[PDB]
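# Coordinate analysis (summary)
Now for the letters of each chain:
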Amino acid sequence: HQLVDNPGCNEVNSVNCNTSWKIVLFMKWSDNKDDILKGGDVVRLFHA
Amino acid sequence: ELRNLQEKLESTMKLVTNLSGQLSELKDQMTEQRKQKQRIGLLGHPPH
Amino acid sequence: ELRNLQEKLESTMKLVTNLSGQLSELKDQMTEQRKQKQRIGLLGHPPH
Amino acid sequence: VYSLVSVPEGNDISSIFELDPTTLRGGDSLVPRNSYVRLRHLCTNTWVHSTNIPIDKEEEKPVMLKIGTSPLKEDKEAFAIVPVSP
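First, a word on what this report is: a plain description of the structure on this page. (Residues numbered from 1 in each chain as written, not as in the entry; some residues may be left out. Chains lettered and ligands numbered in written order. Part of a larger assembly, values for the part shown. Heavy atoms only, no water.)

## Points about the overall build of chain A
Heads up, the rule is: Starting at the N terminus, helices and strands are each numbered in turn, a helix being any DSSP run of H or I of at least four residues and a strand any DSSP run of E of at least two. Relative accessible area decides the class of each residue, using a 1.4 Å probe on protein chains only: under 20% of the type maximum gives buried, over 50% gives exposed, and in between gives partly exposed. Every accessible area reported is derived by Shrake-Rupley at a probe size of 1.4 Å, with residue values counting cover from the shown protein chains alone. Think of it this way: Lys and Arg go in the positive column, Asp and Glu in the negative one, and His and the chain ends go nowhere. By convention, the charge on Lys lies at NZ, on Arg at CZ, on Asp at CG and on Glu at CD.
Regarding its fold elements, chain A presents 0 helices and 1 strand. Viewed in the frame of its principal axes, chain A has a C-alpha envelope of about 55 × 30 × 10 Å. The 48 residues of chain A split such that 2% are buried. With an accessible surface of roughly 5000 Å², chain A has 56% of that area assigned to carbon and sulfur atoms. For chain A, the separation between the mean place of its 5 positive charges and that of its 6 negative charges on side chains is 8 Å.

What follows is the structure, encoded as structure tokens:
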């Protein structure tokens, strides 16, 4: 059932019907340290 | 105790040495990977 | 005391061994340098 | 090969940038979140540089400046990666 305010959206329920939730990795453990430039960080780019 | 401290430092250098150890079997899977690749090439014709 | 002298000589031979250790990661930057060179070649066309 | 712009969609090779340290080098060394960076373009091997000409030439005391890419390397231009916390 699509949402009414947002046209391209669908609800997430908890009914008994079956669904599969594929685990897609994005960031491995031990790559989530704060002292490393990561792949999802937000930065501002100061000239020298 | 100075022997024990020297042994702890040597244990650190030998753990670096066993990191070079798994580097040695990294070379092992490189060598057996190219060897099995040419083996499949000579004893089979799989399309890509 | 002769064990300690033999341990000092063994520390000398193991420091030569850890020079072979940084030789092992010299082979590491050789391998990853050629690997990243072919990676840039396959996933990019930079002029020379 | 000049005048960095913004493209709407970004899987192309024209938007791939690569970076090298100002300080001592490294093959893989966990870029430490605050280091100074010189930006190198991939599709044409060209280095970014700060041009002093303004974008808007019509109004006095112009706030908009240009940037460009020049194929020789210098230590004048070296952007810093300063992060913002979540």
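## Overview of helix α1 (residues 2-42) of chain B
In plain terms, the rule: To estimate how far a helix should extend, the number of its residues minus one is multiplied by 1.5 Å. Contacts: residue pairs with any heavy atoms within 4.5 Å of one another.
Its 41 residues give α1 of chain B an end-to-end C-alpha distance of 59 Å, which sits within 8% of 60 Å, the value for a rise of 1.5 Å per residue. Within α1 of chain B the residues assigned to the buried category are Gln 6, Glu 10, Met 13 and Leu 23 of chain B. Looking at the buried side of α1 of chain B, the elements it contacts are α1 (2-42) of chain C.

## Quick notes on the layout of surface pockets
Definition in use: Only protein atoms enter the 1 Å grid, on which a cavity is a set of points fitting a 1.4 Å probe that cannot get out and a pocket is an open set with protein on both sides within 12 Å along at least 5 of 7 lines, lining residues being those with an atom within 4 Å of a point. Grid points are joined across faces, edges and corners, and a volume is the space filled by probe spheres set on the points. The nonpolar class holds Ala, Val, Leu, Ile, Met, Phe, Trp, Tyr, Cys and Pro. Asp, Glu, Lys and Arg form the charged class, and all remaining residues, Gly among them, are polar.
Of the voids in this model, the largest pocket is the one considered here, and its volume is about 1400 Å³. Lining the largest pocket are 31 residues, and of these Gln 36 of chain C together with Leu 19, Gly 26, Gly 27 and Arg 40 of chain D lie nearest its centre. Considering every element that reaches the lining of the largest pocket, the biggest residue donor is α1 of chain C, with 6 residues. When the residues that make up the lining of the largest pocket are grouped by side-chain class, the tally is 13 nonpolar, 11 polar and 7 charged.

## Things to note about α1 of chain C
Of all the positions in α1 of chain C, only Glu 7, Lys 14 and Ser 24 of chain C are classed as buried. On its buried face, α1 of chain C is in contact with α1 of chain B.

## A word on the nonpolar core
Residue and element names in this part refer to chain D. Just so we agree on the cut-off: For this analysis, a nonpolar core means a set of buried residues of the types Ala, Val, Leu, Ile, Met, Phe, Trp, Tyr and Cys, connected via side-chain atoms within 4.5 Å.
Listed in full, the 5 residues of the largest apolar core are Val 37, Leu 39, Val 48, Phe 79 and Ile 81. When contributions to this core are tallied by element, the ones reaching two or more residues are β2 (36-41) and β5 (79-83). Once you skip the residues sitting within four places of it in the chain, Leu 39 turns out to touch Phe 17, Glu 18, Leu 19, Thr 46, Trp 47, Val 48 and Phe 79.

## Considering the relation of the copies chain B and chain C
Using the following cut-off: Copies share a common frame after least-squares superposition on their C-alpha atoms.
Overlaying chain B with chain C gives an RMSD of 0.0 Å, the required rotation being 90° about an axis along which the chain moves by 0.0 Å. Such a turn and shift between the copies fits a four-fold axis. When the interface residues of chain B are mapped onto chain C, a mere 17% of them again fall at the interface, so the copies present different faces.

## With respect to the interface of chain A and chain D
Note on interface size: it is often stated as the accessible area lost on association of the parts. This is how the line gets drawn: Within 3.5 Å is the distance limit for a polar contact, defined as a pair of N or O atoms, with the added protein rule that one can donate a hydrogen and the other accept it, and that residues adjacent in sequence qualify only through two side-chain atoms. Any two strands with at least two DSSP bridges between them are considered paired.
At the junction of the two partners, chain A supplies 11 residues and chain D supplies 15 residues. Summed over the shared surface of chain A and chain D, the result is 5 residue pairs in polar contact. Two elements, strand β1 (residues 43-46) of chain A and β5 of chain D, share 4 bridges in a ladder whose sense is antiparallel. Along β5 of chain D, the bridge assignment pairs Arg 44 of chain A with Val 82 of chain D.

## Quick notes on the arrangement of the chains
Ranked by contact count, the leading pair among the 3 pairs of chains in contact consists of chains A and D. Looking at chain A next to chain B, you find no contact at all, with the nearest C-alpha pair sitting 18 Å apart. If you take every C-alpha in chain B and every C-alpha in chain D, the smallest gap between them is 16 Å, and the two do not touch.

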